[PDB]
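Worksheet: the structure to be examined is printed underneath.
Every number here is computed from the coordinates shown, using simple stated rules; none is lab data. Positions of Cβ are backbone-derived with ideal geometry, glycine not excepted, and every protein chain shown enters the neighbour counts.
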Amino acid sequence: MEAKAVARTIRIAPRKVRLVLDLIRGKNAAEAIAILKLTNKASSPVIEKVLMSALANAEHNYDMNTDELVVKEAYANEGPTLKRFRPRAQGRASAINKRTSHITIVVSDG
Amino acid sequence: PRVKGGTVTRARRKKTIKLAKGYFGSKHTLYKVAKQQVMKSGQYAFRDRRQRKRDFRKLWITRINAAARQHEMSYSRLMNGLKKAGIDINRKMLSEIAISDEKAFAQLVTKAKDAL
Amino acid sequence: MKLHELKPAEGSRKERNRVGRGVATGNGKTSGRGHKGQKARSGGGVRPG
Amino acid sequence: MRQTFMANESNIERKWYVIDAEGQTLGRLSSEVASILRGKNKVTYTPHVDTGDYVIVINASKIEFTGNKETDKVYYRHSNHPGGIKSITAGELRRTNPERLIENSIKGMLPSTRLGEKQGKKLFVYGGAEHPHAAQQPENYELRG
Amino acid sequence: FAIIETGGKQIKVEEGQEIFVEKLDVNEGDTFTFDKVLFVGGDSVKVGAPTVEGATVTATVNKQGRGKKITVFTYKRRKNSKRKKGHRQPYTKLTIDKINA
Amino acid sequence: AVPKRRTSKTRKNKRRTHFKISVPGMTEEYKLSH
RNA sequence: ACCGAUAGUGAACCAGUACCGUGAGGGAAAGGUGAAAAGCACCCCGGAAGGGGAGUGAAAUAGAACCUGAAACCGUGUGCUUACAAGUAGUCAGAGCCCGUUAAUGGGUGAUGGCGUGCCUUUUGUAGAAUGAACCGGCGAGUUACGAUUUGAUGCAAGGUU
RNA sequence: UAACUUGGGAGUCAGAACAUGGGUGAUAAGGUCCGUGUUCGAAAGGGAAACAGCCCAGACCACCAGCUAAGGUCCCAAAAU
RNA sequence: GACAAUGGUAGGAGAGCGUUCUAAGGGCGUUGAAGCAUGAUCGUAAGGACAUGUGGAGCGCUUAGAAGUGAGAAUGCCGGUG
Ligand SMILES: [Mg+2]
Ligand SMILES: [Mg+2]
Ligand SMILES: [Mg+2]
Ligand SMILES: [Mg+2]
Ligand SMILES: [Mg+2]
Ligand SMILES: [Mg+2]
Ligand SMILES: [Mg+2]
Ligand SMILES: [Mg+2]
Ligand SMILES: [Mg+2]
Ligand SMILES: [Mg+2]
Ligand SMILES: [Mg+2]
Ligand SMILES: [Mg+2]
Ligand SMILES: [Mg+2]
Ligand SMILES: [Mg+2]
Ligand SMILES: [Mg+2]
């Protein structure tokens with residue numbers, strides 16, 4: 001059985017998130033909450049609420065054990081942006097692109 | 001009345017993208033570039049199937065001035081010999097015989113060598 | 001003659017010559033007006049005589 | 001397509017020969033050596049694989065130069081540095097390191113491909129008269145007139 | 001094995017051997033004889049001036065279809081001049097049965 | 001002082017081979033709080 | 001034998017509106033759930049956003065950015081290949097390894113070898129170090145009314161037409 | 001195997017190199033201006049190392065067939081050490 | 001069919017492919033239309049059919065006619081993204 005969970009319009013770029021996930025994939029589950037809260041970044045406290053929703057639905061909806069339960073698919077994909085403007089020296093102006101992401105985790109047994 | 005262009009555009013544009021397949025990078029996603037290499041691919045191919053006929057007529061002679069050298073014979077004095085006997089066998093045949101046997105190639109040569 | 005079998009005579013009708021609609025037609029970019037002068041201008045030419 | 005048989009890796013048997021460099025002109029020899037490495041003189045020659053044979057050369061030092069060109073057959077060289085044209089030798093090399101002078105005349109008669117370097121790494125050249133390659137039963141090879 | 005000459009070119013064969021050729025004038029389910037031999041080694045060796053006599057092959061035909069389409073294209077640069085067309089060339093097919101008549 | 005060309009999709013990704021991050025240590029989960 | 005949401009009106013919706021200018025005056029963007037609101041009662045993770053089950057429905061990968069949903073661009077997975085190599089990037093030839101088709105002389109990857117200076121416009125002559133083009137997508141240039149002169153086809157003919 | 005006439009419809013008026021006969025220049029210039037012919041222009045494919053005009057030669061499409069021009073036959077690289 | 005000829009810029013002449021509307025005739029569709037994605041398909045070219053998936057209400061075929069009738073480039077205009 002393969003549970004999942006998705007977080008939607010989360011307000012961080014994808015290129016900044018994808019550095020943490022490569023440290024999380026193809027691993028155990030309780031070998032991931034640890035490595036997450038020992039990584040000083042701002043992505044880490046939102047990939048930590050998103051395992052624990054895929055682990056709390058393999059217990060009440062689908063009835064698996066948390067003892068051996070690993071991570072099989074985690075990925076981030078782009079989203080909608082938010083266009084803004086910064087003024088400059090002369091009367092000119094310049095673009096700003098505040099970006100978003102969607103996050104997706106999959107926990108499986110064997 | 002009015003005519004707004006529809007699907008004729010993006011049809012014509014992907015009968016080409018589907019021919020540019022195996023090409024590096026943006027030469028299999030972009031129409032303005034793909035179209036330029038599908039074109040040269042037609043003028044190269046046109047040029048190659050008039051040159052293929054010039055490659056393989058080198059191997060056949062490459063491989064006869066080896067076999068004749070074994071038995072004290074150049075290429076020229078071989079192909080001059082049969083000019084008197086009259087053997088009108090092409091190359092592409094002398095390649096595949098003398099690669100296989102020697103005994104026919106024993107008779108074959110000795111008449112070219114006879115008539116000189 | 002039954003409104004779905006209609007065929008006018010031979011030599012009567014023809015199709016137009018449309019211009020600047022490609023290479024293979026024989027009248028493409030320049031469209032007759034060969035290269036740059038006064039006769040190759042929008043509202044060119046000269047009053048006759 | 002049709003009947004023009006190709007050689008591949010399996011249909012090849014490569015051999016080991018010996019040649020003597022006593023009383024011979026330099027390039028007149030190496031014109032005849034770079035073809036044995038290259039796959040001519042077989043009847044399975046194909047131009048996209050290595051069908052040629054192994055060649056051993058002995059007693060390089062007894063190699064002769066006609067006219068007078070042990071003094072004005074300079075071998076220039078450069079080092080990608082300013083003022084680095086090194087005319088390090090004229091014809092001393094016959095005396096010092098003769099085992100190279102025979103090894104550059106042959107590698108120029110061959111091409112400059114990803115392959116025509118490889119079929120020059122099957123050359124072995126000695127100024128002595130004894131070779132350590134006796135495990136391989138290398139035959140002799142007398143030459144063409 | 002035996003040599004023939006066939007249309008504009010030569011071929012060599014043995015029994016149980018597919019062999020393709022430029023188109024011929026016959027229907028299917030029928031036979032053909034190449035009245036042209038120029039060499040036959042085997043062991044009863046015979047080679048001479050062409051149309052060596054006493055050697056007329058037998059065979060049988062199987063199909064009368066066409067080849068596969070290639071495209072054709074050329075162009076001159078900085079000049080508005082190109083061309084396109086198509087070709088799909090025919091062939092006859094055979095199998096060999098016996099080596100003389 | 002200005003880019004003359006476009007940067008391809010590869011040369012962008014051949015470059016980020018080393019643009020990753022690293023892992024903490026591992027003492028029994030317990031921190032390496034020396 | 002008129003347009004059908006970059007069209008038709010400057011405006012199908014909040015339009016002479018927001019916004020720009022001391023002023024006179026200039027000017028936009030933006031349509032679609034379903035037959036029916038039956039618009040997801042209830043349980044679980046979380047501070048909330050959002051997601052997983054359940055349940056309405058003919059279908060929720062039709063859940064209020066909701067009819068369809070191409071391309072550029074960004075990613076996860078893996079069948080063949082790549083760390084001695086000089087490349088307008090592909091073409092013809094050609095072994096191996098992995099599959100099995102609108103059933104045919106099959107398809108995908110390609111260790112090696114030969115040839116090979118992009119496209120358009122301007123010019124006696126351009127790979128040009130002469131111009132223009134970041135990439136994708138939509139729109140974007142010999143027409144119409146009156147007169148003339150020639151060629152073609154037709155109807156009546158020393159007559160022919162309003 | 002071509003021309004002559006009449007009628008409908010166009011484009012062009014910056015030309016280059018090579019060889020040859022002559023002015024101007026300094027028997028200087030890939031000079032500049034006239035005359036007679038071949039090629040580029042609007043023409044690909046072979047040779048002169050690479051090369052718009054130079055020597056041979058004028059591409060309907062297809063084939064793994066064959067005979068000779070210009071130039072060429074020790075090896076790179078096909079053909080007489 | 002025994003000879004034959006066919007490189008092409010400016011430019012002239014000839015035969016046709018496709019898009020939207022209209023008229024007449026005959027037909028296909030909730031047992032799944034147009035459109036969209038895949039494919040190893042046929043024709044001398046532009047271009048045409050067949051199956052398989054998503055889609056969920058309107059499209060072809062034969063013959064003639066009428067045109068806001070085909071784009072890769074304008075330091076081209078509008079939007080999206082590198
Ligand atoms: Mg023309
Ligand atoms: Mg053009
Ligand atoms: Mg003019
Ligand atoms: Mg520490
Ligand atoms: Mg629309
Ligand atoms: Mg509807
Ligand atoms: Mg010109
Ligand atoms: Mg100039
Ligand atoms: Mg520019
Ligand atoms: Mg001019
Ligand atoms: Mg002249
Ligand atoms: Mg023509
Ligand atoms: Mg011709
Ligand atoms: Mg319609
Ligand atoms: Mg238009």
(message) Looking at B:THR29, B:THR9, B:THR16 in this structure, which one is more than 11 Å from chain E (Cβ to nearest Cβ), within 16 Å of RNA strand I (Cβ to nearest atom), over 29 Å from B:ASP114 (Cβ atoms) and touching a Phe, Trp or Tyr at 6+ places or on another chain (Cβ under 9 Å)?
(response) B:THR16
(request) Return the residue satisfying two criteria in turn: it lies in the stretch B:98-116 and is closer than 17 Å to B:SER76 by Cβ and outside any helix (DSSP H, G or I), and of such residues it is farthest from the other protein chains (Cβ to nearest Cβ). (result) B:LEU116
(request) Being basic (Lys, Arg) and in contact with a helix residue (DSSP H, G or I) (Cβ under 7 Å, 6 or more places away or on another chain) is the filter here, so list the residues in the stretch B:11-47 that pass it. (result) B:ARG13, B:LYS21, B:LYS27, B:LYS35
(request) Go through the stretch A:76-110 and give me each residue that's assigned to a loop (DSSP other than H, G, I, E, B) and not β-branched (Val, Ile, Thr). (result) A:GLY79, A:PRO80, A:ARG88, A:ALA89, A:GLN90, A:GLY91, A:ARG92, A:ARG99, A:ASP109, A:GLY110
(request) State all residues of the stretch C:26-49 that are surrounded by fewer than 10 Cβ atoms within 10 Å (Cβ to Cβ) and at negative phi; if no residue qualifies, say none. (result) C:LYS29, C:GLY34, C:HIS35, C:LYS36, C:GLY37, C:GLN38, C:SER42, C:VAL46, C:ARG47, C:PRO48
(request) Name every residue in the stretch E:29-76 that is more than 14 Å from chain B (Cβ to nearest Cβ) and not in a loop (DSSP other than H, G, I, E, B), in order of residue number. (result) E:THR58, E:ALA59, E:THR60, E:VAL61, E:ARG66
(request) Please specify each residue of the stretch C:15-44 satisfying the condition of being over 23 Å from E:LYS84 (Cβ atoms), more than 7 Å from RNA strand I (Cβ to nearest atom) and not aliphatic (A, V, I, L, M). (result) C:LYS36, C:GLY37, C:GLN38, C:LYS39, C:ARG41, C:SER42, C:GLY43, C:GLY44
(message) Just to check your reading of the model, which residue among C:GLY28, C:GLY49, C:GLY32 is more than 16 Å from ligand 1 (Cβ to nearest atom) and either within 14 Å of chain E (Cβ to nearest Cβ) or of a type outside the set (A, V, I, L, M, F, W, C) (or both)?
(response) C:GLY49
(message) Tell me whether the stretch C:29-49 contains one or more residues that are more than 12 Å from ligand 3 (Cβ to nearest atom) and in contact with a strand residue (DSSP E or B) (Cβ under 9 Å, 6 or more places away or on another chain).
(response) no
(request) Could you please find all residues in the stretch E:77-101 being within 16 Å of ligand 1 (Cβ to nearest atom) and surrounded by 10 or more Cβ atoms within 10 Å (Cβ to Cβ)? (result) E:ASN80, E:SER81, E:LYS82, E:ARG83
(request) Check B:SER74 against each of (1) more than 19 Å from the chain's Cα centre (by Cα); (2) more than 14 Å from D:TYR45 (Cβ to Cβ); (3) in a helix (DSSP H, G or I) and name the one condition it does not meet. (result) (3)
(request) Under 7 Å between Cβ atoms, at least 6 apart or on separate chains: pull out the pairs that start in the stretch B:25-49 with a residue that is small (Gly, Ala, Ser) and end on any residue that is part of a helix (DSSP H, G or I). (result) B:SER26/B:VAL33; B:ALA34/B:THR16; B:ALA34/B:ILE17; B:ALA34/B:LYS27; B:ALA34/B:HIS28
(request) Quick one: which residue in D:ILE102, D:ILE36, D:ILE63, D:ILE58 is within 14 Å of chain B (Cβ to nearest Cβ) and under 17 Å from the mean Cα position of the chain (by Cα)? (result) D:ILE36
(request) Go through the stretch B:13-40 and give me each residue that's more than 30 Å from the chain's Cα centre (by Cα) and under 20 Å from E:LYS84 (Cβ atoms). (result) B:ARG13, B:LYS14, B:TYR31, B:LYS32
(request) Could you tell me whether B:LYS92 is of a type in the set (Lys, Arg) and at positive phi? (result) yes
(message) Just to check your reading of the model, which residue among C:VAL19, C:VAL23 is more than 14 Å from chain E (Cβ to nearest Cβ) and either surrounded by 10 or more Cβ atoms within 10 Å (Cβ to Cβ) or away from ligand 3 (no atom under 16 Å from the Cβ) (or both)?
(response) C:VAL19
(request) State all residues of the stretch C:4-49 that are among the basic types (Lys, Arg) and within 14 Å of RNA strand H (Cβ to nearest atom); if no residue qualifies, say none. (result) C:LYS29, C:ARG33, C:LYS36, C:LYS39, C:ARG41
(message) So A:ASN61 ticks every box in (1) near RNA strand G (Cβ under 9 Å from one of its atoms); (2) closer than 23 Å to F:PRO24 by Cβ; (3) loosely packed, with under 12 Cβ neighbours inside 10 Å but one. Which box is left unticked?
(response) (2)
(message) Of the conditions (1) charged (D, E, K, R); (2) within 13 Å of chain E (Cβ to nearest Cβ); (3) within 30 Å of B:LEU19 (Cα to Cα), B:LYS84 satisfies every one except a single condition; which number is it?
(response) (3)
(message) Among the listed residues C:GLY32, C:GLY26, C:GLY22, identify the single one that is within 15 Å of the chain's Cα centre (by Cα), closer than 30 Å to E:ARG83 by Cβ and near RNA strand G (Cβ under 8 Å from one of its atoms).
(response) C:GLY32
(request) Identify the single condition in (1) of a type in the set (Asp, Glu); (2) part of a strand (DSSP E or B); (3) farther than 25 Å from D:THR4 by Cβ that E:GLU5 does not satisfy, given that it satisfies every other one. (result) (3)
